[PDB]
Structures are given as structure tokens and as C-alpha cells.
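I am attaching a structure below and will ask some questions about it afterwards.
Read from first to last, the chains carry the letters A, B, C, D, E, F, G, H and I; within each, the first residue is number 1.
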Amino acid sequence: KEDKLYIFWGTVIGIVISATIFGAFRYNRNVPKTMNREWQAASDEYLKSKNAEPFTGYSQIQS
Amino acid sequence: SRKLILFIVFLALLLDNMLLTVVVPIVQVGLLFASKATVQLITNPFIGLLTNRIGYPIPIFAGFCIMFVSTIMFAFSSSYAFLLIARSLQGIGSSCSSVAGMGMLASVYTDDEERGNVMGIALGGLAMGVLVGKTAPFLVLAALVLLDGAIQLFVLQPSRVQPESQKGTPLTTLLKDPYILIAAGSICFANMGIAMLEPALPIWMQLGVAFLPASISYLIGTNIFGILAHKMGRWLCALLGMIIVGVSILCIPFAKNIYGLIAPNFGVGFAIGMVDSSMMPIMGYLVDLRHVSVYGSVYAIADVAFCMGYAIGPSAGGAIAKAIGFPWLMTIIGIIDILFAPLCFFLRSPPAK
Amino acid sequence: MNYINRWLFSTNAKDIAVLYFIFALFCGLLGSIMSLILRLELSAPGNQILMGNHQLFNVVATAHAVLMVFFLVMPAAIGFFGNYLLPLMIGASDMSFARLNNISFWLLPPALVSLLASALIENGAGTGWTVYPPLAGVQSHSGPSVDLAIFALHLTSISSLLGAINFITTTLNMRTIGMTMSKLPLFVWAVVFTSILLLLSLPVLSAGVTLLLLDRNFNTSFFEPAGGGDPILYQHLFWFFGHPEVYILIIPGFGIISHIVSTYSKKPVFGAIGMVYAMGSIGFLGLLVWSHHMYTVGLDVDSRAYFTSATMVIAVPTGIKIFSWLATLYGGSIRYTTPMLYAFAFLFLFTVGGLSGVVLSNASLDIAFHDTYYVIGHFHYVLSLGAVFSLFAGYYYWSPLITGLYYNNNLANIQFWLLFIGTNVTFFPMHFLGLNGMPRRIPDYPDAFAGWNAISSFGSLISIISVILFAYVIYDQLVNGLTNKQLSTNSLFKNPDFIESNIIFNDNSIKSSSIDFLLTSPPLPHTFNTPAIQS
Amino acid sequence: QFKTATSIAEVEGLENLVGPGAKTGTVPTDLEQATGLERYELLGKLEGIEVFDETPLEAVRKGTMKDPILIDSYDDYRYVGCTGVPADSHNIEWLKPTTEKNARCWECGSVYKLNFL
Amino acid sequence: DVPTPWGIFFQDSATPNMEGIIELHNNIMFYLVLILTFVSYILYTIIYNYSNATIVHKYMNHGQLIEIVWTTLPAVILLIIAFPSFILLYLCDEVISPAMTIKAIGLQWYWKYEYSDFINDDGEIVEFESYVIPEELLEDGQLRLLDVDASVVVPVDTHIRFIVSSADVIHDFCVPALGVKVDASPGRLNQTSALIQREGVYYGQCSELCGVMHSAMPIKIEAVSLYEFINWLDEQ
Amino acid sequence: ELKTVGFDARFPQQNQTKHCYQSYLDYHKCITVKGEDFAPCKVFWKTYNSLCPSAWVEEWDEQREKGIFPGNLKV
Amino acid sequence: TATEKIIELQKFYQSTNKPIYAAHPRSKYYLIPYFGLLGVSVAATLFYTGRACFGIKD
Amino acid sequence: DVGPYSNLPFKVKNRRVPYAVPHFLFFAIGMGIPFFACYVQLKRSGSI
Amino acid sequence: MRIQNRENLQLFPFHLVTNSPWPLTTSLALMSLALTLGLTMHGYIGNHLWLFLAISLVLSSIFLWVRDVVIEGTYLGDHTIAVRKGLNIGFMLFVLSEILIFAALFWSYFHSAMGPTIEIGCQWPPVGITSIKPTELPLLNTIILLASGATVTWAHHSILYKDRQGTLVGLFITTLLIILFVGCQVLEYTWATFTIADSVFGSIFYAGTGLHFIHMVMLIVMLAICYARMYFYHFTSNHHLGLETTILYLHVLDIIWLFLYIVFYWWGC
């Protein structure tokens, strides 16, 4: 009974470290000019005038 | 298009020799082993007349269905009479399939140079059945290929009865010609020796490794000499093939061990391949030169000459082996095969009509 | 001098397997760091770590392919488990050609040097793993990089051929007194059936690579279309090697799983003759299909229909093996030790990665999935989760017998769960990126493919931590490993039964079906003086 | 290096198996040129004695602790594989008899004793 | 069409061939889901019932009926899968009368389009080259690494035959919505056919590797009406 | 009204690399004889201008004007 | 003596106390040039593969 | 001398430098070479 | 096993090889050959005397293996009936692998012979390339090979009847009947009209009949070491495995040449 707790709390502290490493490579990114909300709202008007994705959905907004 | 016919004919010949030869892993024995070949020999000329009436594609799939139901009746048959009936229907299905398939390869591929290559590929199925585990992968591969064939032939485009536009020459008119008979005799006397060698080999002397080199050499020989027979002349290939069959047949009595049979067996199989792929296109050439172009009865005659060896082989071979023995039988068949080879020169330029 | 004559000038077959393991560990570390370099660049849109260089991205992908198709999986599955276990299972002293075993080892360190030197003298070799002719000519890659990379695929070919001939020649005439070739264990059959494909596939690769070399440097024009050749010929001459190859990587895995399923579930394998016939059918039907990698090159309409028919047939023999493993695990008693965890995680993920192969087999459906990340997600569920899992299970199964030192159970379980979680996070959104339409071999992508690329960059950092924990597991095995056998009862090879008392069990401890687990555990240098007897 | 043997009753090692020599102008015979473990087989097969046995285990009678099956070996251990008294009933189970302990085959029950020659 | 950010499934169709592809994939997924659920339930039963058990059935090792049921039942599934696959392979192609031909030659890192008809007596064939718009020169709202300077403009409800070749290395023409993926190898011509049912814009990317600028080579197809196509062809 | 080449069942496959060459050779064969202004030799002109890329035609014309051309244009 | 030194060299290769490749009094002439020139052949392809990584040509 | 530390090419116990340094340096080189290759080919092509 | 003094001799009929240094040296020679051939073909070395040292050291390494293979069989005497069967199985599985290299080269011929491209005007042997007439020196080579296949049968049937002069003469005649093949085929490469770079035709003709050239230098070497080892009394009338491997290697090359003469030299249209 005192070994399954050890395996569980060994896997949790293996997932927490990788999240903190990946977060450090996430603040320091090269963000291009197209990834902004005021640029992905201008693309929706062009995709609305020339009718695109009629059945499902079109939305280029992901902030 | 045109290649799926080649696939269908290859699988038809494969199932022909698989249901003929492979009966033991998957006198009464002389009559039971030759029950298929004689009934095929009888019912071969009827299909050549039937394909002129009802057309090519229907007898092929009728023969496939007849072969399937006859094998499944043979699966759980115990009495002798029902077993004989089952093997008779197996033979009569296998007689429709090969004749109609070879005729339809003759019909579609009109060019002379391509016909030899395609029939050289198609005749290679006569040794894969001799070579051939669980075998349920291969049967469903065959079922998928024939499903493709049925979809293209009967589903996408409608098919009526549709008799042929021209009327062919009858069978007796073909039998009065000397060239077709003397072309058929080469295949018959080439296959007679390898037909008789099989039952007398347990008498003289594991089992699969003796027959394996012929199945290795046959595919290579037919696929190479289907293409190269156009430039070299087919009569020369037939002459050299009969010579090499005779020499390799006489090589066997000097051998005194099981491992010494590997080298002549190659010299059998390659040679008989160069007998086949040279001489079976040229029959379909001769009718295009002297007669009217319906290819059913001529390849019926060719299948008759092919199956005569397997019909007459074991029953006479056992009697000769009990009478005189193995080496004199091999000597007389080798001298016959060498002696036939001079007269194949006559097919260099037949008179046109 | 005794160091040289025993670890450099060697004859013993079991002493080359440890050198193969040490080489395979290094060549599986290098490629994994190269994969971490790739996955840290494919994270968010833009040009992040490699500043603007689209070379040194294709070079990294090529060198990550070669170092783990040729330098990790084959040396581990042929050198470490084939050279060591096959003489002990069939009951022979050593191999038939021992000097050929030594040359088959020592051809590989000169093959590593040329590949590492194919990425420093020039721009590099960014041709992909499949070194296609009209890109890898003298108009795009003009330097000593492709030439030194196709000389690293010759030495490995010679080593594999010389090992395969040794494996076939040994099992034919070097068996014990009472073994026919129908009482052999299943691992020996796996090694035999991979050694026949190694004979029948490698000459075609050697011919195609040599003709590419002659096209590059002796101006011969086999595959240049301005002199009368076709590039497509090379594709034929590559893929006739390519599809036997990917069964060579997976057949030695299967037999290993069988042993674990036969051991920790105390039942014999359901239908062994069906299993060896199934492996024979899989080995034979891997040679009659090669053109399903090329459906978009412009083939006929009657040739695609043959290769859709001949590809889906291979599902029939593999299902026999999977359902026989289920029937073996059904009735018996199951104790969950660290080999059986990897065994249980192999029967589910090979099925998931293999069911995607039926979708890609159709020529109509391959028009939507070719050169797309669906293919990558298909073959990573089978390569990383089918072969590497079998390798880890084989290590955790046979390492106490070979080495004599035990390991901590808890850290091995933590490693297994970290591998499971991180690898299932990494390769699953590749299916979604493939279905939406992301092509292969691109450094930069449109902004719509961003979000899933943020998630598949997170599991790789989980898997590298598992590799580091595996390194610490090996270190804890080597130091103080004599005292790691009383912590847990995982060290016992088989458990006591219901009626079998403990006092009776301590007298008669090992019950087996092979010669392997009854040896003294360091195996002796000369392990059979008098021959073994089988009834 | 020493006196040459004529039969395998006079072979006390590898020092008795060199042999005489051939003559100048003659293709030599194997009884005139053979040294090692090759000539030992040759001197065995011209009498009828098989030096390297290929006869499997006794599968006739079972094993009692009072009357055990005697397995012959030149070492203190020999690996014995049991597969049954009708010779294919029992599965393959391997055992190691020793000069201090007898194996007993947990499924069928035959006892094996080691005879040290 | 355009890719969507958190995509799970296919893009939307504008050609009968892509609808056949979608229908065949949704037919195969039925049987694959059935097989995966059967295997997962058997492992769940094995884990829940037979874990750490006292009784071992160590003599159930032969089987004769059950080995036929896992050999014939997957075969029937393969035949049922193989029927519509062959129908889709043979049936949906250019059986009758294509109405246009556009040659799309692939150079090193751009595309070259020739509209081979509309020939004058002197050889005044309409032709253009399509490049990629760089990130620095983009206007407000254009898609990065997909938007071009010249786009292939075609009518709706008209069979169009694309003949694809190349001049340098092996390329691959792709428009995902239209169901077109054919190679471009430097010494032979390849053909595909497309019919477009609704107006819009259709985007695509190259597939087979060609060198450094593999990620910047888009394809853009506009599907105007017939009047707009005639007015566009009298300007170029 | 948007008319192009039909089916031409002698070349039914996906590789149209022989249709181009055959149309080019047939046009130059029927223009060596029967004059240069004749009516069915503009079916071939529209046939190879609708499938062949232009650079291939330019290279073939230069190779013809240098005398250096592998073909069967001599009937 | 005669051409049958076979019954003489078979009493020498047995009971030698040296390895087989250096037992005869002739193996010097084979083993000295081979190991001499191998250490030049290997030492020349580790100088031209490090000079070439730095861009120097000949 | 047959025993539990006899079949390995490296010495583990009774050693001057402790085993942690040769165990760590092996993995350090193995995960440090393909960054050196990227550094060299980045610096040869202008970019930092 | 119940022979009296049985402990003093080995109890299983298999060969335990002593420790040898040659696998490492072969690999160190192939390292130098691979890197030198990769480098001299693009500059970086200049002098062409390192490649020749690499090839010479490789060939001396194989020769130094085969010495220790001979001494372990004619002097130490460790080749029982089982080890000979293992060596025969081994050599058969290299002859089979060396056949399948020629299969890929034959399939590289039929993929262009049947279906030539548009750049070559559709024709085998194309315009401007005059082929080699097969009623000249390629007949002489075939008849010399068929004679050499017949002379070694008089050499293997004279070592079984214990005639020494009659094994030496046949091997001598065969060794001079393979040197003439190389001398004729090096004269057919200096009197030709087309090179390796003149077509796809001149590129596949000098790549299937050039591997055969390298494979027939090996028979001259293997027959020299079979004449020289018979002159010094190493062959008995029942234990000779050097002759049996050279006979199986010659016949495969004859059969391969009979397929390099109907496909490459005769069939052109």
C-alpha cells in the first residue's frame, strides 16, 4: 500500500517538471505579426465575402 | 482494362494445377488420380464451340463457381461414387476456365509481339500451384481479384449474350491442317516425360526438394523466353527446347543419388518452359494467317494436347515400370523427344491464305 | 594484454552482445536529442531556434531516421538478444562463425563516424531518409555529404548479411541431441524468419544505392531523364528493401512478448504451430507488396487494385497472433510485474497503430493522406510504441539473468508510466493535423496548425525525463544491486502455487520451458561441456 | 608427437593421433594424414563405435525415488528435458540434476539421478 | 478551403471525388471501431476477473472451432470493404468530355501556369507565374504562407483537366478540398480531373520535398462564374 | 465554347507523355507532304499545343533546326 | 626433408605456446609491413577528415 | 573469477575515481554531440 | 560416451576458435577505404596513393584470414563432419546473395528495354550507338567458359581415383582458360564505340558485364590457391573443400554469362 503512493507521487513530480521546462520555452517566443486578434478579424471578412467553409465553420480567431 | 484479364487467367491456371496436383496433403489409385484429366480431355472441345455462341466472360465465372461447389462437395465426401462425381465436376469446371481465359487473352491482345509476352506471364501459374501453409490468405486474395473482375465485367457496363460477329472454322477443319497438330504434338511429347516421371520416382527412390528446382526454373524460363522468342524465331526455340528436354531426361539414369537429380531437373523445367511460351502463341498466329479469327477451338486443341500427357501418364507408366523398369523408360522417352526435334523446323514460314 | 584478447579480439558470442547494448544506448541517445531539437522548433509559428536555416532541419530529420532505424533497433534486437539468447535456447556453446560475429560488430563504429561526418563537411545531407535521385544529385547537394551517408548504408548492410548467414547456419546443425526443428522456441523462429528477409532484401538496396553513386559522380544517367532514364526505377529499387525492413524491426519483438505472456501468466502459448505459420505468412507477404508507398506517382488503374488487395491480406495472420495472445492471457493467473506492464501496453497500442494501416492501404483514400502527418502518426504508434516497448520489456526480463544484479521496481514503474503518458500525448494530435491537411517535412507552417503543435511539444519533454530516469535505474542496478532482491518479490521468476508450500518451493524454485533460467546467473564462459538431453 | 594409435583403445589424448606419412607421388589417404578430433571420428567409424552420440532420453519407465533414472555425465550437472513417459504427454520442462540433489519434474513426477563417470 | 485552428476532421468538399473519399473512410471506421472495442473489452475482462487467481487452467491450449472463427470473420470484412473501394477507384473519373486543360509546371520554388487553349495564330498563349507573398509585404488580413500574387481562376460546373510536370525535381500538386494529389516528376506528364460545384477559394500546399524553400509554395484556386471568367480572360 | 481533346482510347492511362510526342511527330509527317496549309494538320497542331509544355517544343524545334533529332519523321 | 613436412608441422602447431598467426619463423615478414602500413592508412584518414571539416582543400 | 561483476567491460567497485563520473560523462557526451553539430553548422552559415 | 579415456578429448564436434585480431583490422581498412573514396572524388586529398593502399590492405586482410582458415584445417585438424556441412551451407548462402545483385541489374535492363522514354527516340540501341556484334569475340569467351567447365570435371575425377598428374594439369589448363577471358574482355573494352556515359544503354552494359569481370578475377586467385595447395600435398582423396567451393562458383558464373549473352548482346530489338 505504501508503494503505489510512491509511484503516483513519482509520476506527478515527473509531469510538473516538464510543464515548468515547457513554460520557459513559451514566454520567450518569436511571435509573428499575423498572430493578433485585429489581424485575424480582417481575415474573416475576406473569408466571408468569398464564401468559405459553408457547411462546418470558418474562424481564424485564436488570439 | 486489359491487365485484369491477365490476372484472371493467371489465377485460373494456378487453381487448375492446385486442384489437380495438390490432393494428397489438402488399381483404384490409378483410376482416381486420372479421373480429372480424362473428363477434362472429353469436355474441352465443347467449350470451344460454346464461347463462340454465348461469349467469353460467362464460362469463366461459371467454371469458378462449379470448381468451388465441387471442392466443397469433395471436402465432406466419404463414398466412392460421390467422390468420383465430385472430382468429375471439379474437372469440368477447370476445363471451362482455362480454355475461355486463354481464348480471351488471345482475343484482346491483337498485336503479335505483346501476345507472346503476356502468355509467357500467364503460363507461369502452372508451377505456383505445384509449389503451393494455411492458404486462407491466398484464397481471399484470389476472391478479391475476382471481385474486381466481376465488378468491371458485369456491373459497370451491361453485358448481353452477344454472339461474335464472325463465324469460326469448325473443329474438323482445324484438325485437317497439319501445322496446328504438329504444333500441339510438341507440347504433348514435351509434357509426357515429366508426367510419367512423377509416379515412378517413389519406386526408384525429401519429396518436395526433388520437385522444387523445376518449379524454380519454369517461371524464369517462361518469363524470359516469352519476350525473346520474337527475334529468335519460335521454331528454333521449340527445337532447342525439345533437344534439352531429351538430354536432361537421359541425364537421370546415370544419376545414383537423390541430390544428383537437382541439376537435371532445372534442365527439365526451363527447357519445357521454352517449349511452352514459344509454341502456344504461334497457334494463335496460324489462324490469323490461314483461317478466320476465332480463338476458342484452337486453344481447346492446345489444352487437349496439354492434358493428354497427364491423362495417359501414370497408368501406362506404372505398367512400363513393372514390365521393364525406370532407366529404359527414360531412355525411350528421351530418344523420342530428341527424334521429334528435327521436324519442328517446318514452322519457319507457313503458306498464307 | 588480457583486456585486448577478451574484449577486442573476441570469439565468445555472449561477450559481443554487451558491446552491442553499449553501442545501441549511445546511438539511441543521439537520435532522441535530435528529435528534441526538431520538436522544439515545431512548437509555435515563426523561426524560433534555428534562426532562418531550413537546412540543419532536414539534416536533423535524416540523421534522426538513420540513427534509429539502423543503429538502435537492429543492434539491440539482433546483437544483444539474438547473439546472447539463441545459443542458450538451442543449446549450443558458441556460434558457427565467431570471427564473422566480431566483424559484424566492428563494422558499425566506422559507420557512425561517416554519418557524423556527413553533417559537418558541408551544408549537409538533407535528402530525407529515402535518398531520392533528382534532389540528391550534383545540382542541390554538391559535396562530400550524400556520398559519405550512402557509405554508411553499405557497412551496415554487410554486417546484417554476415549476421543473418551466421544465424541461419547455426540453427540448422548446432542443436542438441533431442531437438528436431519443430520443438524450437518461438524466438529462434523469429530470428530465422528475419534472417531470411535480410538475405532476400539487401542486394536490391545495395544495387540501387551504388547506381545512385554512379549517377552522382561518374555521370552515368541511370535515373536522369535527359539521357533515357526514370527516377521512378529507384523508388522500385528502394521500396523492395523498404517493406521487408519494417518487418525485420518487428518480428523479433513478437516472440519476446510471447515468452513474457507464457511466463508471468502461468500458461503455455495457445497454438504455437499456428504462430510459427503466421510469422511465415507475414514474412512471405511482405515481399509481394512494395508499391503502396507509391500511389501518386502515376501508376495504372489495374495495378492499384492489385496492391490494395495484397495489402489488406496481411491483417489476417496478425489477428491470429493477437487473439492467441488473448487466449493465452485468458485462463491463467496474472501478476503485474514490470515486464508484463510493457507486455499489456503492447497488445493495445500495436492494434491502434495497425488499424490505421488499413485506412492507408486503399488507393482512393491515399489521395487524402499521402505526404501528410497521418502517416507519421501511423508509424510512430508502431515503431516507438511497438518495438521500443518490446526492447524495454526484454531488458527488464533478461537483465537479472545476464548481469546478476537486480533493480528497483518502483523507479521502473515510474519510468513506464512517464513513457506511456508522454508518448500518447506526443503522437495522437498528429492524426488531427493530418486530417486537416498539414504536409510532411516542413519547418514553418500556417498559423492554423499552431495549437496541436503546442501539445505534441509537451510530451517529448516528458519522455526525455523518462530516459534520464532509465539511466538512474541502470546506475541503481549496477551499484548496490545485490541488496535489491529482498525489497520486492518481483525478483522471483515464478510465484508459489496454491497447494505448493513455501518450504517445498525453496527447495524447487525454478520451473521453466527453456534452458535460459536454469543456468547460473552469471552465465559461464563455456556453458555446455557435456551435451544437453531432450527426450 | 608420440606413438600412433591403431584402434580406439590406445588413444590417451591428442598426443597419440598424428599418424604415418604419405609417399612422394601419391594422393594421400585419410589414414595417412589426419590429426585432431577428425581422426578420432575416423578411428571410431571404421570399427562401429559412435564417438558423438545422438540418442535421446529414455522415455519408457517413470521415476521413483527408490529407483531413479540414471543420467550419465562427466560434470556435476547435466540439463535434462522431460516431455513424458509416452514421450509427448508432459510439456517441455527442463531440470538440473546434481550430485547432491535429484530433480523431480513438478508436473508428471519422474526422478533423475546423476551418474558421474 | 482554409484550414481551421483546432481541427479534428476533414476540410469541406467541392468535388464528388472528395465526397466519395469521405464516405469510404466513414464506412471503414465502423469496422475498425468494432474491432477495437472487442479487443478492449477482452482485456478489461482479463484484468477484472483473472488477476491474482488461485486456479490456473493450464490445459486449455488447443482450440479447433475458435481458430476458424478468427480466420473467416476478418475475411468477410475485407470483402465488404473491398467492394466500394473498387467502385470508387474505377467509376469516378473523366469518362466523358473534359472541357478545359491547364498545365501546371513546377519550377524550383514557384509555380508556372499555362492555359493551353485560347491560342492566337501567332502563339499568344496566356501564361503566368505564381509566387508567395512575403511576410513583410502582406496587406491587412491575408493568410501567411498560403496567399499568392496570381491565382488560378476557373469556372464552376466545368470539367477541368490538370496536366502536371516539372522542370527541376519531384514536386506534388495538392488542393485538399478538390481531392487532387498527383506527382510532378521531371520527364513525364500526369493528369487529374476536377469538377467544382460552388464558388469560393481553395488553398493548397506542395508535398514532396524539394530543398530549402519547401514550405513557401502555395496553390490558390478561385472558382468564378462563366461571365467573370470571360471578362478575366479578355484582360490577361 | 470551351472545347478540348477527348478520350483517344489508344492512350487511356494516366501518363500522357506519349500522346504529346505522337501528335508532334504526326503533325510534322503530314506537313512534310501535302503542303503546309491543309485542314486535318491543324487537329494535330491544337492537339500538341494543348498537352505539351512550351519549353519541350522549343527544345525540339532547335534540335530539328540543328539537324540533330531522334525521331521517325522520315515517313 | 621430403615434401611431406605435413607430419612434421603437425607436431609444431600443436604444443607451441604461441598463437597460430605468429608461430612459424616466417610470420615476421607478413606481420611487420601490414601493421606498419595500417597505422599510416588510418592516421591519414583521420587527418584529412579533420582538415576537411575546417574547409581546407588541396 | 566468474561472478556478478566479471562479464562487464568496465570496473564498478574498488575504484579510485568513483563510478558516478564515468556514468555521467557517457550520457553527457551522448546528449551533447548533436548540439555541437548544430552550433558548427549554424556558425558556418552566417546566423549567430 | 562410455569409451575408456574419453575425458581427455572434446565432447562435442564443433570448433572453438582461438582469439584472432583480423576482424578489427578489416574494419579499420574499410574505414580508410570509405573515407578516402568519399574524399578524393571531391578534392580534399589530391594524391591518389592512399586509395591504393586502402584496397591493398583490404585484400591482404582477407588473405590473412584465409591463412588461419587453412592452418586450422590441415595442421591442427579441427574439421569434423558437422563443421564441413556448416561451411558448405555458409558458402551456398553467399552464392545465393551474389545472384540477387544480378537480378536487380537485369530488372534495371528490362525496365528501359521494354518502354523507352521520349528523349531517346523510342528505339533500342539508340541512334548513334553501334552495338557489339555477337558473332565476334563474345563467341570465343563463351566457348572458353564451356571448355573450362569441362576441364575441372577431369580434375575432380582424378583426385578421387588417386592420380596426381591429372589434377595438376587440369587446374593449370583451367587457370590459363580464365586469364584468356579477361584478356579478351579487356580488348573488347578498348575497341568499342560507346562508353559508360553515352546513354542509359552504355551505362547498364558496362555495369552488368563489369561486375562479372571482378567476379572472375576471384576465380583466378581461387584456382591459384588450389593449384599451389595441391602441389604441396594438402589434399586427400576424401577431405578437400577448397576444390568443391571453386567448382560451385565457376558453374554459377557460366550460367550467369549465358544470360548476359542472350539479353545483353543478342536481344536488341
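Methods note: contacts are C-beta pairs under 8 Å (C-beta built on N, C-alpha and C of every residue); 3 or more make two chains touch, one makes a residue touch a chain.
Counting contacting C-beta pairs between every two chains, the top pair is C-E.
With chains reduced to the mean position of their C-alpha atoms, the one farthest from chain C is F. Note: the chain lying farthest from chain D is F, by mean C-alpha position.
In terms of their C-alpha centroids, the spacing between chain F and chain H amounts to 66 Å.
Centre-to-centre separation between chain E and chain H, using Cα means, comes to 47 Å. Between the CA-based centres of chain C and chain H the separation comes to 24 Å, rounded to the whole angstrom. Between the Cα centres of chain C and chain G there is a gap of 38 Å. Multi-chain contact residues of chain I (touching two or more other chains) are listed as 11-12, 18-21, 28, 31, 35, 39, 44, 75-77, 117-120, 126, 233. Counting partner chains per residue, chain B shows two or more touched chains at residues 1, 134, 136, 140, 144, 148.
Chain G meets chain C in the complex at residues 49, 52-53. The part of chain B that touches chain E in the complex is made up of residues 134, 136, 140, 143-144, 147-148, 151-152, 155-156.
Residues of chain G touching chain I in their complex: 3-4, 6, 9-10, 13-14, 19-21, 30, 34, 37-38, 40-42, 44-45, 48-49, 51-52, 57-58. Listed in rising order, the residues of chain C touching chain G in the complex are 117, 120-121, 144.
The touching residues of chain C, when paired with chain I in their complex, are 5-6, 8-11, 92-94, 96-99, 102-103, 105-107, 109-110, 113-114, 117, 143-144, 147-148, 151, 154-155, 161, 165, 168-169, 172-174, 199-200, 202-204, 206-208, 211, 214, 217-222, 225-230, 233, 236-237, 528-531.
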